[PDB]
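*Asks:*
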Amino acid sequence: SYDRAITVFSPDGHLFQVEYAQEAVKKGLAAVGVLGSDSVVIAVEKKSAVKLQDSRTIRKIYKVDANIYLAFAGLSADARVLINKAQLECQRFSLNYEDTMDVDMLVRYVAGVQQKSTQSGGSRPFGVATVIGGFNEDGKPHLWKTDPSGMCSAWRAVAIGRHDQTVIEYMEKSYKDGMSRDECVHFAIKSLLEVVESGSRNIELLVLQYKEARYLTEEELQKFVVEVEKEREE
Amino acid sequence: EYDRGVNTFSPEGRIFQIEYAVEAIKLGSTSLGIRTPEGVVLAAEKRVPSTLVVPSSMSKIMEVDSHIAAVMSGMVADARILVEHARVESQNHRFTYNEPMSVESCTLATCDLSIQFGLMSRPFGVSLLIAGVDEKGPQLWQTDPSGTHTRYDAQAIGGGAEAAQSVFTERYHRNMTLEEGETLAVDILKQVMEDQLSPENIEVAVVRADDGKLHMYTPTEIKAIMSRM
Amino acid sequence: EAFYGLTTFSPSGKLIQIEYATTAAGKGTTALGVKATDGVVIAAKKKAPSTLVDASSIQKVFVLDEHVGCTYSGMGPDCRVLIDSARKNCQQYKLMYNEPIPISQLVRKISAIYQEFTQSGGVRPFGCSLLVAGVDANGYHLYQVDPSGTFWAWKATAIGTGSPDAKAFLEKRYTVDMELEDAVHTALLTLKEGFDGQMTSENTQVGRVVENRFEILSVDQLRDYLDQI
Amino acid sequence: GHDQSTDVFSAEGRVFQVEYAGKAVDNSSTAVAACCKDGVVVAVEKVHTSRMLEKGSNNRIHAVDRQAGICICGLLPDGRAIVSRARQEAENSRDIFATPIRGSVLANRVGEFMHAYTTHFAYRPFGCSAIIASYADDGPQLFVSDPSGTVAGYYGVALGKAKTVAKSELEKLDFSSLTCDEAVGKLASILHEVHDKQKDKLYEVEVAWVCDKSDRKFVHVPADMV
Amino acid sequence: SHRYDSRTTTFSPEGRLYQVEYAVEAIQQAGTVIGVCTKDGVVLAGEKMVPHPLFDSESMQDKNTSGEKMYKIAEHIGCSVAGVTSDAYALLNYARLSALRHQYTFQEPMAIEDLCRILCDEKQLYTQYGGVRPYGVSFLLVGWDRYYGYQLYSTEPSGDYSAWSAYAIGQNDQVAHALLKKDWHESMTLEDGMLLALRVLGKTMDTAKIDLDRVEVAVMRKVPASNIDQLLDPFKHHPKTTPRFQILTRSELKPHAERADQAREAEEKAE
Amino acid sequence: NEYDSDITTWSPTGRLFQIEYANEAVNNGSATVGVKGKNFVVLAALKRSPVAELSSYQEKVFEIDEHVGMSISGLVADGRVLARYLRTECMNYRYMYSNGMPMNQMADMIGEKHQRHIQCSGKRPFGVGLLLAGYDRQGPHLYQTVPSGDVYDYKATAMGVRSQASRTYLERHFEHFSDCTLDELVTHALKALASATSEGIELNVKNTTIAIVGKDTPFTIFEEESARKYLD
Amino acid sequence: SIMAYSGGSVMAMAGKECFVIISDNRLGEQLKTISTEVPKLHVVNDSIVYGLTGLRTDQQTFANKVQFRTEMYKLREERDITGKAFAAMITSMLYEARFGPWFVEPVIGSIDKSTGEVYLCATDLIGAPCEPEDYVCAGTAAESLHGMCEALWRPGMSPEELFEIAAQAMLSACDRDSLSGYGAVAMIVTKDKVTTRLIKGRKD
Amino acid sequence: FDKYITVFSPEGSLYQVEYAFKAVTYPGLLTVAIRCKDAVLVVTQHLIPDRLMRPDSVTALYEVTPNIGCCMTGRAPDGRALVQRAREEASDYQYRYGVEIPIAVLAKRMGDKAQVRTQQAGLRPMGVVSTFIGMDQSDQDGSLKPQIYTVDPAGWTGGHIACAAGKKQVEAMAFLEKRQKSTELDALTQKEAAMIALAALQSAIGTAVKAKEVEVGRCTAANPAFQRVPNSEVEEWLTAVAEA
């Protein structure tokens, strides 16, 4: 088997392959997560809406288990692999422990797969950050992020992809605890529009409440984009 | 950077990837450890990247077992791996010998995973401090990416380490109380941190000699330390 | 023990090792094939380095199974690899289906081996092209396989050195009506075009697919065809 | 870039990494050996760096079987690797074939083993020449396997830094007539002449033989004959 | 040997994977393929290479299983490839087995999007593990399943894939996209899609008329089911219609190509 | 230097730079001395000396079986690997033959282990020097080993930093060691070990280990009670 | 016996440019009948039909393996497998499992579409073929079916004559086998035409 | 980059294989083989400059099996290794088929072995030309015909009537071509053949050879086993060359 060492320290302490995976995640589409009282909101940029892509709904927020949902930024195909692994892990877990996987457990599994790939000979890192959101089987909502180094962290709100840090600086200023469902969706839409152009056909947005996951219809979303783009003039 | 393979010695007799992994530990958040006869203290700069982070989630101090704690500096994800192995090893020891693993035996078994690179592409970019209490009383060790453990009485790792080894040289005596230790810990962090030291910005834990159990200071109890200074 | 790939894409999108293998495979001597309504003929120059080579021992045309034959251009020993594998495949197929492998399936199997050596680690591609000629339930066939692993059914073609000119001369003389006596005559005439020196039943080899079988002409049988050109 | 791996020919069909390992052998301490009608004697100059070694340290002469031995010239550790392989061959001959390994066979095996490490990008050639001294059923035999794995039989042989001189001195001996007794004297004497004193201040001369007097057992010679 | 490793699965400094970027360059050199997803079927129209007069047919007995550009993966799944042809055949064989393993296990047709994920997982692998070069191939898959109806995906060498209503891979894909943008709509018949597929294909390869010699067309559509053998499993339900991948003979395609000359003559009158 | 990056590469002068570089690892470890009397072998190793009130153990010296043990210098983690190896080989041997593994055989082994790591790609030399001291039927032994795989049988030796001076010292006195008593062997070791201290540091119980092994004396690292006796 | 557990019998016979293959319909666990609507025939293509007998789970498994193989064949090869290949293939598959066999006993009928040459082949469970010119058969009622086919079968029968003696034989024999019955399904296969018929039988 | 690994150059050539051919001539030894009506001979130089080296110990002739000899020309230890592999091949073949391996098959298998080293990276091609000689039974009459098969570092295998490899392989060949326009070489006698071989060796190396500077191997229809020809008889041929 090919087991050359791909990820290695350079002189000044850095792991270039991991810095470059992270560069691939800064080129990816933005995604944003917001945590309210009883809701997690995951919102992602879509690439645009060319008249050619299938008008059948393709989700860019992925379901990992009943209770857990994952957005990503970076290489689509890497992401798809991570997600399949995550999906398969949550089932392995149900199957071993009967209980459903806590979100944090799922996140740690994923981050470990990411970390593992910065240290496995033969492989480059996944060039993927993830936002992961969901509720445990105790009504507590969570929101996490993984980066390609394999580091995860829980957040009250978060952004990944292009201009992540512009968006995170924005959100630090505004964000309050104990938002409502509707204030969450607002806050997420607001935050995304810091970097996305229109709010028309280039935002998918998912709302997670204990035991109920629901994507905004393109209509429900547009009442929120007007309600928000009208608040950006001021 | 792939010019030299990873098992290569420099002309000074150092393995290059090890020296580089060490360089990565100087980019890390400062962590530190203080042996006292009443117990050990670990303290870490959390160094969060945002107020939006939930600080419990960026846990630079980790229960290895009821009586052992570790605190990393460097690449956190790499540290999660080592601590998982320590946890497994400490628990295999209880399983097999029905008693708590010594702290040294634990540190060894965590270095036993760091030798392995050619297997692991590269070394872990992580230094631990591993405080604990066993039969020989409170103890503090340091792992390096070399795989070389080293018992210490006080230590720092991270960007702080040089400024914090100044302060230990002056203020650390082999005979301080657990509260004078807590205090010296938090002092050092105040001095070397980038940010303003607040009760959420840091993480403090102790393993007390008397019960031999590890307590993680809540933000409250860390204020109770900042109080007296 | 080398597992990295040797054939890789280049900034224009080309797989250069495969272009070079293709260059190598057109540096052989001329081989060519002519399909006809009732058979196929393949024919090669055996340009022996010296007269002291036992020309009986040089094989440029090969049986792969009763019904199918090949010849090749470019690097002999690389081709010997392909032929060995193709012979095995013919036989594996008979063992399974108790019928002869159809030429289409055989060539796809060859094509696949070529492709593996364009991607698998450690190996360079094959520097030879094949003609494969045979007869199955779909009739007579003649295929060219290149080192890319690409293959083409042809009605007539030529690989190796004099090949552009040999192809040009087959374009003229080829007719869809052609019977096999005329095909052989044409094949041998086409070789003779770019042949430095007399053609003999020593320095040429010829294979024909006729009825339901492939056979390499004897020197006796080939001498009767070379007395009529 | 023609010379970094032994898996590579230069444009003149040389393999440089083997020539280079060769130089390791030539910059090493000198050995000589003589194959008489009654046995083989091999001697070698051990150069110490310290005044405080034990006598016996860094033996370069190893028995490989009852009737055979290998004197290493060049990097001693690499040689102990060969010695281990020779011993495995000797054991195999006894275990499977129930015969002591003939010396030509042993030296061929040694050569094959050394050569193998000149073919593959992942290993390097050995930096040592083995002198093999046997006295099995094929009679007294003296071979040398060099780092290329090339093996040759000799009546007498000299390796290492003084090899060119030591060969001139070995040519003065009459191999048809010479006996193992005389040879221990001569071969040792030779290593004292060609030893350079202002470079390598500390040295013993280790000698070993396999001969009719030693019951065809390969042994260091008693330090009375030297 | 490690000095000579070209490090195919490494990132470059902008998080780019060069071997995958250059596989894509290899694909933009290939024969164009157009796909148009209607509601009466899916159409693939591809540029064959120029037909030397000495090419033969393989004389295969089943005319619809493969052509030069178009291959059947299963009764319900077809594809067309652009890029390194031999890589295609490696993958195509993989896709065939996968679809049939799915059918082994579940005894129902594999859905198009799962076949597609399987395929692109196999490609993604080579961009991450293994130190060899990627597959230098792009599919257009088509087919029909009960979940989503007619579908048309396209894959890339990275292993990403996307669903489309119409799309193009190969030579002048940017140009062909722009032209499908303008002329695709949601309510096309099969004949309309076949037209659109040819108008675009003929517009990208710069021909006055469509050159029947240089064009292959395949269609994936549902047709009445013939071999309902119902006494043989009584409980099994057999749908009235079943998907069929069809490659058009030169004659079946002649009408549709004339009818696309006529809508290229009637678009040079307005000018 | 085009030739110093790989253990599988000879240089054109017939050198193996990765092995000369591994040697540097050893020349830069903390000094250690050993000496060999008639019946005993003494190892003494400099440790690292307190940074004010602020200590620091590292295990330099290792017991390996009852009758042998060792002192390392250089890359401590390689030490541990070698220690684990020797320990294990000594237990296998003692399991099989119910007696200690003889030292000349153990030195043969430790040297073969090293050689296994200087000939193939992606292995590397051990960057550690050993003094191995032990006692068997043939009496006491003291071996130094080095990354190159060489094993020297010494009467006395030192290695590590500034250990050239330790070797100057030992060269004056070493011819007597066969007659010395255990206390004078230890004195001689300590003296030599001290010729290797930096400027105005001196030997004391917390920057110096002593191990002895010998006749009717299993290999014994000395702790703070027994060490004090010898260090004054 | 494991080969008898699930019950069922199959039989194929040749005529002039035609064959009939016929199965009974029962599926059991020993004497428990589970279903009376389980014909054991599979159609590979217009010219090949086969039946399996033996342990029903293995009939199912193996038939599915055969359908993978045959569909794969047809894609790779771009033609229909022929009965000789088909039977060779089967034999191969069964023999792979020689040391842990599929408890099935296939019975294959086929007709070359051109010629009209008819090929029957039955195999034991490890894939020894039996390629007679008349009729082959297998399953629980196999002794009795040989009885009947010997008696009734003659060379050069036409589809209809051949159907009648196939059916009488399958029924007469199944009426003497506890594990086979509930009438039969029969496929008559010519060059031009396939005709399936469900035949009425006893309900015991 | 292509000069050091087994990939193709832009001209479509494998440098490391070409250079392996230079390894064949580098030693400076020439070999010649020749078949006559009922025998085959191989003659190779056997140069012992070192007075102290033991001539009988160094050889380029090797029994592969009792009925197949070979002469390796080139990098000696690489030759020795191919011989081992040949031997293994021959022995595995006898075990599998119950018969001694025909020499054209053995050659072919050794060509396969070499070819592999030219297509799999990081294995050095063996820098030798292998020359197997032996007799070979015909299926018609059962008569033994003599054979010479070479294998070269590219894996190119060939049968020959006569063949030379090594230093001056060109001037040796030129001489034999020239002597093949006169006579028919497969109608010669073991003597007339050996004379031609020895004369070709002498022509090429520009010197007269003595018996002990060559070593000659032979198989004959009468005695098919491969045997070192004794010096007495080589002396007599060398005498027969200097005269006529």
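So the protein lines, in turn, are chains D, E, B, G, C, F, J and A.
The first sequence: position 64 = 65 (the deposited numbering), numbered continuously.
Residues 107 to 224, 232 to 342 (the deposited numbering) make up the second sequence, in order.
The third sequence: position 43 = 45 (the deposited numbering), numbered continuously.
The fourth sequence: position 223 = 229 (the deposited numbering), numbered continuously.
The fifth sequence: position 257 = 258 (the deposited numbering), numbered continuously.
The sixth sequence: position 183 = 350 (the deposited numbering), numbered continuously.
The seventh sequence: position 24 = 25 (the deposited numbering), numbered continuously.
The eighth sequence: position 210 = 215 (the deposited numbering), numbered continuously.
For every residue, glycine included, the Cβ atom is placed at its ideal position computed from N, Cα and C.
1. Classify F:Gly236 as buried or exposed, calling it buried when 16 or more other Cβ atoms lie within 10 Å of its own Cβ.
2. Taking Cβ-Cβ distances below 8 Å as the criterion, which residues of the stretch 48 to 67 of chain G are in contact with chain F?
3. If you draw a straight line from the C-alpha of F:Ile285 to the C-alpha of G:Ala113, how long is it?
4. Along chain J, which residues have their Cβ under 9 Å away from the Cβ of C:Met61?
5. Among A:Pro15, A:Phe231, A:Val22, A:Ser237, whose alpha-carbon lies nearest the alpha-carbon of A:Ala126?
6. Considering only their Cβ atoms, is the gap separating C:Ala167 from C:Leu181 smaller than 7 Å?
7. Grouping DSSP H, G and I as helix and E and B as strand, with all else coil, what is C:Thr11?
8. Hey, could you find the ends of the beta strand (DSSP E) J:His43 is sitting in?
9. Where do the N-terminal and C-terminal ends of the beta strand (DSSP E) with A:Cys41 fall, by residue?
10. Report the option in F:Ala211, F:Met268, F:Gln225, F:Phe386 whose CA atom is closest to the CA atom of F:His355.
11. Note down the Cα distance separating B:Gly76 from B:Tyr22, rounded to an integer number of angstroms.
12. Do the CB positions of residue 1 of chain J and J:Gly110 come within less than 7 Å of each other?
13. Taking C-beta pairs closer than 8 Å, name the residues in chain G that C:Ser2 reaches, listed in chain order.
14. Are the beta-carbon atoms of E:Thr136 and E:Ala269 separated by less than 7 Å?
15. Please compile the residues from chain F whose C-beta is within a distance smaller than 9 Å of the C-beta of G:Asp84.
16. Is the beta carbon of A:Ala230 sitting closer than 7 Å to the one on A:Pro71?
17. Report back the beta-carbon spacing between D:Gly37 and D:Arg182 to the nearest angstrom; my notes put them in contact at under 8 Å.
18. If contact means a Cβ-Cβ distance below 9 Å, which residues of the stretch 59 to 93 of chain J contact chain B?
19. For chain A, is any of its Cβ atoms less than 7 Å away from the one on G:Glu18?
20. Against B:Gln19, what residues of chain A qualify as contacts under a CB-to-CB distance less than 7 Å, listed in chain order?
21. Would you kindly check if the distance between the Cβ of A:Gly132 and the Cβ of A:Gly79 is under 7 Å?
22. Contact between the stretch 49 to 59 of chain C and the stretch 43 to 62 of chain D is defined here as three or more beta-carbon pairs at a separation below 8 Å; is this criterion met?
23. By the 8 Å beta-carbon criterion, what residues does the stretch 154 to 167 of chain G contribute toward chain A?
24. Please confirm if the stretch 190 to 205 of chain F is in contact with the stretch 298 to 312 of chain F, defined as three or more CB-CB distances below 8 Å between the two stretches.
25. Of the residues J:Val45, J:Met12, J:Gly117, which one's Cα is nearest the Cα of J:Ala86?
26. Assign J:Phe63 to one of two classes, buried (16 or more other C-beta atoms within 10 Å of its C-beta) or exposed (fewer than that).
27. Using a beta-carbon distance cut-off of less than 9 Å, what residues from the stretch 208 to 227 of chain B approach chain A?
28. Would you mind telling me which residues of chain A sit closer than 7 Å to B:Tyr22, beta carbon to beta carbon, in chain order?
29. When DSSP labels each residue in this structure, what does D:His15 get in the three-state scheme?
30. Sort out for me which residues DSSP pairs B:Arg215 with in a bridge.
*Replies:* From the atom records:
1. For the purposes of this step, residue 236 of chain F is taken as residue 69 along the sixth sequence, with counting starting at 1. F:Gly236 comes out buried.
2. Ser56, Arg57, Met58, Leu59, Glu60, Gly62, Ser63, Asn64
3. Numbered from 1 along the sixth sequence, position 118 holds the residue referred to as residue 285 of chain F. Numbered from 1 along the fourth sequence, position 107 holds the residue referred to as residue 113 of chain G. When rounded, the separation of the alpha-carbon atoms in F:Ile285 and G:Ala113 is 24 Å.
4. By one-based count along the fifth sequence, residue 61 of chain C stands at place 60. Residues of chain J passing the Cβ test: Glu78, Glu79, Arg80.
5. Mapped onto the eighth sequence, residue 126 of chain A falls at position 121. The option with the nearest alpha carbon to A:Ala126 is A:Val22.
6. For the purposes of this step, residue 181 of chain C is identified with residue 180 of the fifth sequence, where counting begins at 1. For the purposes of this step, residue 167 of chain C is identified with residue 166 of the fifth sequence, where counting begins at 1. Yes, the Cβ-Cβ distance between C:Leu181 and C:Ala167 is below 7 Å.
7. Indexing the fifth sequence from 1 puts residue 11 of chain C at position 10. Of the three classes helix, strand and coil, the one that applies to C:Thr11 here is coil, per DSSP.
8. Working through the seventh sequence from its first residue, we reach residue 43 of chain J at position 42. Segment 42 to 46, the beta strand (DSSP E) holding J:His43.
9. Numbered from 1 along the eighth sequence, position 36 holds the residue referred to as residue 41 of chain A. First-last for A:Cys41: undefined, no H or E at that position.
10. As a position in the sixth sequence, residue 355 of chain F is number 188, starting the count at 1. Answer by Cα proximity: F:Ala211.
11. As a working note, residue 76 of chain B is residue 74 in the third sequence. As a working note, residue 22 of chain B is residue 20 in the third sequence. Going by the C-alpha atoms only, they are around 11 Å apart.
12. Only positions 2 to 205 of chain J appear in the structure, and residue 1 of chain J is not among them; the question remains open.
13. For the purposes of this step, residue 2 of chain C is taken as residue 1 along the fifth sequence, with counting starting at 1. Within chain G, the residues near C:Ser2 are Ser11, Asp13, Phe127, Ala128.
14. On the second sequence, residue 136 of chain E is found 30 positions in, with the first residue counted as 1. On the second sequence, residue 269 of chain E is found 156 positions in, with the first residue counted as 1. Yes, they are a contact pair.
15. For the purposes of this step, residue 84 of chain G is taken as the residue at position 78 of the fourth sequence. Correct list: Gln282, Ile285, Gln286, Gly316.
16. Indexing the eighth sequence from 1 puts residue 230 of chain A at position 225. Indexing the eighth sequence from 1 puts residue 71 of chain A at position 66. Taking 7 Å as the Cβ cut-off, A:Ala230 and A:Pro71 qualify as a contacting pair.
17. Counting from 1 along the first sequence, the entry for residue 37 of chain D is found at position 36. Counting from 1 along the first sequence, the entry for residue 182 of chain D is found at position 181. About 7 Å separates the two Cβ atoms, so the contact holds.
18. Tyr74, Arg77, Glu78, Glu79, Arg80, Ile82, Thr83, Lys85, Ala86, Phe87, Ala88, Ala89, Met90, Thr92, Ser93
19. Reading the fourth sequence from its first residue, position 12 is the one you call residue 18 of chain G. G:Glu18 counts as touching chain A.
20. Translated into positions along the third sequence, residue 19 of chain B becomes position 17. Within 7 Å Cβ-Cβ: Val12, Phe13.
21. Within the eighth sequence, numbered from 1, the residue matching residue 79 of chain A stands at position 74. Within the eighth sequence, numbered from 1, the residue matching residue 132 of chain A stands at position 127. The answer is yes: Cβ separation under 7 Å.
22. no
23. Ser154, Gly155, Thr156, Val157, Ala158, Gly159, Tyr160, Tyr161, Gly162, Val163
24. These segments touch.
25. In the seventh sequence, residue 86 of chain J corresponds to position 85, counting from 1. Of J:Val45, J:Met12, J:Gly117, the residue nearest in Cα terms is J:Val45.
26. Mapped onto the seventh sequence, residue 63 of chain J falls at position 62. Under the 10 Å beta carbon count, J:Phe63 is surrounded by 16 or more other beta carbons and is classified as buried.
27. none
28. For the purposes of this step, residue 22 of chain B is identified with residue 20 of the third sequence, where counting begins at 1. Those within 7 Å of B:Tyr22 in chain A are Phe13, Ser14, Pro15, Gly17.
29. For the purposes of this step, residue 15 of chain D is taken as residue 14 along the first sequence, with counting starting at 1. Three-state result, D:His15: coil.
30. Taking the first residue of the third sequence as 1, we reach residue 215 of chain B at position 213. According to DSSP, B:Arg215 bridges with B:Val212.
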